[PDB]
Amino acid sequence: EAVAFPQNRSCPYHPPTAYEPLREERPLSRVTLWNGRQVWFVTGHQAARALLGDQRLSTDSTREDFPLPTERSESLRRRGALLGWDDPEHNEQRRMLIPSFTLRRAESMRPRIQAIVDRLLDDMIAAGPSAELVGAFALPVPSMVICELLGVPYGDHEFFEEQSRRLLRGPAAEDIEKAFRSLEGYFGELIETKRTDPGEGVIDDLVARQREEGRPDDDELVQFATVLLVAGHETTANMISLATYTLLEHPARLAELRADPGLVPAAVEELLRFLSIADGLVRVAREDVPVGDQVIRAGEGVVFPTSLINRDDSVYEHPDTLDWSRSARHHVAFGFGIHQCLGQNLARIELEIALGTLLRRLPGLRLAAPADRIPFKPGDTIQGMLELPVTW
Ligand code: HEM
Ligand SMILES: COc1ccc(Cc2nccc3cc(OC)c(OC)cc23)cc1OC
């Protein structure tokens with residue numbers, strides 16, 4: 001009768017079935033972790049937005065009291081740049097990157113994103129009448145965009161796409177570490193190069209702050225480049241793959257987007273909301289935080305089940321249904337407040353161009369395998385498809 005967290009989805013595009021009873025307990029419920037530790041489970045949309053702006057919640061997975069949802073994550077110590085930091089140190093870091101992630105900067109990259117998407121679909125269409133869309137499209141689009149974002153030179157695009165793929169797919173754990181060391185090593189060299197080279201992108205922008213205000217040291221700069229890739233790659237890739245699967249499993253919603261390409265921006269917001277692939281943001285209370293007449297005591301864990309929060313029926317009528325006309329505004333698929341996704345302006349435009357161009361170019365797109373033989377991620381990680389066999 002106590003509900004374990006995290007759990008696997010049964011259906012790639014719905015929250016795990018066991019959480020259903022807890023949806024009625026707003027704004028706070030509770031779940032049990034692998035070791036019997038109980039944590040708060042924020043089911044209320046308004047409560048979730050208020051808590052995610054609260055400086056008394058911490059992302060510091062270095063603390064002995066930080067809830068590690070799995071036994072496997074028990075090995076989490078170094079603090080990860082931006083997300084693994086509290087303010088003021090977190091804001092100091094974010095302030096240096098924010099100017100690279102304006103909506104104007106997002107908008108300026110449309111033609112570069114269009115060219116990446118067009119090149120990958122041209123290659124996929126030329127290669128044959130079927131594809132594994134995760135490897136052929138969903139995985140390389142976001143890593144190639146992050147190339148353009150960071151200012152990786154064209155000649156290095158292949159190496160970068162490959163090493164970023166090993167990072168996610170790494171046949172062996174040794175491939176994941178070699179890829180990581182290879183990219184950190186590579187970012188090191190590219191910073192020296194960009195000292196004695198021109199360059200547009202986040203890396204040149206941070207070489208500029210460095211000179212102009214001593215600001216990012218070279219090790220910090222490498223950490224920023226690494227987290228940007230890691231935060232930007234699988235999230236975007238999994239939205240492309242699971243959005244596609246989901247669209248193919250809802251023929252009448254897919255037909256409305258084919259009919260009216262103008263709906264695609266609204267559709268991307270509704271898919272972010274409905275899919276909520278960044279499921280289960282984790283905090284610990286540093287101090288007592290009240291919510292109504294309930295108190296989250298110092299040292300107690302707080303889990304934000306993105307997928308349920310984005311299906312709060314006091315905000316979204318018929319929340320478990322895909323609807324292109326119902327405002328998906330104020331969704332928390334990119335989080336909210338202190339740690340709200342830095343790359344969300346860019347992510348939205350990648351999704352709009354990737355899905356918009358796929359639909360335009362491949363009107364016959366359909367699953368090339370039965371939908372229940374297609375593997376998807378377990379409950380303890382970013383949700384999404386591991387493969388997506390398609391034909392057209
Ligand atoms: C569909 C794509 C994406 C989704 C669904 C997504 C989701 C999220 C979420 C939910 C958070 C908040 C995590 C928490 O509060 O615990 C986050 C943070 C972040 N995301 Fe994204 N994200 C996406 C794309 C990207 C991209 C493209 C970048 C590119 C650089 C990026 C960089 C970041 C960074 C740096 C943070 C930490 C911000 C901070 O600590 O202040 N993300 N993302
Ligand atoms: C800056 O640090 C990061 C930022 C984002 C990510 C990717 C990510 N973003 C938001 C929510 C996430 C939520 C996740 O699990 C529920 C997850 O599993 C690997 C990755 C997530 C990884 C990061 O690396 C530690």
Side-chain angles (χ1 to χ4, degrees), residues 59 78-103 105-116 140-164 167 179-180 182-196 198-199 201-210 214 216-233 235-236 334-335 337-350 353:
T59 50
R78 205 66 205 86
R79 298 170 76 159
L82 279 90
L83 190 42
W85 288 95
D86 299 331
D87 288 336
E89 184 45 16
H90 156 260
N91 191 242
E92 290 310 305
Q93 292 174 30
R94 178 178 176 96
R95 270 183 21 98
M96 287 178 278
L97 289 164
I98 266 288
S100 300
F101 293 94
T102 68
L103 186 36
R105 286 298 179 91
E107 282 305 328
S108 75
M109 252 189 296
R110 280 188 188 269
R112 261 134 237 96
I113 299 161
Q114 187 67 64
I116 286 160
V141 164
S143 59
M144 283 311 316
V145 170
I146 279 152
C147 264
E148 289 287 335
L149 170 76
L150 290 181
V152 177
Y154 177 86
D156 286 327
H157 282 195
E158 182 166 81
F159 167 83
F160 190 86
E161 192 285 322
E162 286 183 1
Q163 292 304 289
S164 56
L167 217 50
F180 197 78
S182 156
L183 288 164
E184 291 216 285
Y186 167 76
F187 282 143
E189 297 180 51
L190 183 62
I191 294 155
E192 269 164 346
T193 289
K194 300 275 243 172
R195 290 219 159 83
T196 125
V202 168
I203 296 194
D204 302 295
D205 291 4
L206 289 174
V207 163
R209 316 267 295 206
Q210 192 173 60
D217 133 281
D218 277 20
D219 259 287
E220 193 172 47
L221 215 167
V222 169
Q223 282 167 211
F224 287 159
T226 295
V227 299
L228 285 184
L229 169 62
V230 167
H233 190 189
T235 45
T236 309
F334 293 120
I338 296 173
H339 287 278
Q340 171 141 54
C341 192
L342 185 61
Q344 69 179 263
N345 298 329
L346 186 54
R348 278 179 172 100
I349 299 181
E350 293 187 70
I353 301 174

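By convention here, the first residue in the shown sequence is residue 1.
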* **Results of salt bridge (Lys or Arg N to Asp or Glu O under 4.0 Å) for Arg79 - residues two or more places apart only** =>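 So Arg79 forms a salt bridge (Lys or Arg N to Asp or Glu O under 4.0 Å) with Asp60.
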Tell me the closest heavy-atom pair linking [X] and [Y], and the distance in Å.
X: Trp85; Y: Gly80; result: CD1-O, 3.2 Å
X: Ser100; Y: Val202; result: CB-CG2, 3.6 Å
X: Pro153; Y: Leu190; result: CD-CD1, 3.5 Å
X: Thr59; Y: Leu83; result: OG1-O, 2.6 Å
X: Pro140; Y: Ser143; result: O-OG, 3.3 Å
X: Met96; Y: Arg209; result: CA-NH2, 3.4 Å

* **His157 ring center near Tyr154 ring center (under 6.0 Å)** =>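 That pair passes the under 6.0 Å test.
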Rounded distance (nearest 0.5 Å) linking atom [atom1] of [X] with atom [atom2] of [Y]:
X: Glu184; Y: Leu229; atom1: CD; atom2: CG; answer: 10.5 Å
X: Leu228; Y: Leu342; atom1: CG; atom2: CG; answer: 6.5 Å
X: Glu158; Y: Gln163; atom1: CD; atom2: CD; answer: 11.0 Å
X: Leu206; Y: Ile191; atom1: CG; atom2: CD1; answer: 9.0 Å
X: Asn91; Y: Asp86; atom1: CG; atom2: CG; answer: 12.0 Å
X: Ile349; Y: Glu107; atom1: CD1; atom2: CD; answer: 4.0 Å

Report yes if the side chains of [X] and [Y] come closer than 4.5 Å at any heavy-atom pair, otherwise no.
X: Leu167; Y: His233; answer: no
X: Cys147; Y: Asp156; answer: no
X: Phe160; Y: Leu183; answer: yes
X: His90; Y: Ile338; answer: yes
X: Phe224; Y: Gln93; answer: yes
X: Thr236; Y: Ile146; answer: no
X: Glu350; Y: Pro142; answer: yes
X: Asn345; Y: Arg105; answer: no

* To do: List the steps and the verdict of side-chain contact (heavy atoms from CB on, under 4.5 Å) for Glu148 and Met144.
  => CA-CA 7 Å; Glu148 289 287 335; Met144 283 311 316; 5.8 Å; no
* Asked: Where do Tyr186 and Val152 land on the side-chain contact (heavy atoms from CB on, under 4.5 Å) test, with the steps shown first?
  -> CA-CA 10 Å; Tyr186 167 76; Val152 177; 3.3 Å; yes
* To do: Quick one: list whatever passes side chain to side chain donor-acceptor pair (under 3.5 Å) with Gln223, sequence neighbours left out.
  =>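 By the side chain to side chain donor-acceptor pair (under 3.5 Å) rule, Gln223 matches no residue at all.
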* **Chi angles and distances behind the side-chain contact (heavy atoms from CB on, under 4.5 Å) call for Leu221, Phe187** => CA-CA 9 Å; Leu221 215 167; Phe187 282 143; over 6 Å; no
* To do: Tell me, yes or no, whether the heavy-atom count around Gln340 atom CD, taken from other residues, nucleotides or ligands under 6.0 Å, exceeds 12.
  => yes
* **Step-by-step side-chain contact (heavy atoms from CB on, under 4.5 Å) determination, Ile113 to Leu346** => CA-CA 10 Å; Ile113 299 161; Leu346 186 54; 3.9 Å; yes
* **Test side chain to side chain donor-acceptor pair (under 3.5 Å) applied to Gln210 and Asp205, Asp218, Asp217, the passing residue** =>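 That would be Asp218; it is the only one of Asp205, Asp218, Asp217 passing the side chain to side chain donor-acceptor pair (under 3.5 Å) with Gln210.
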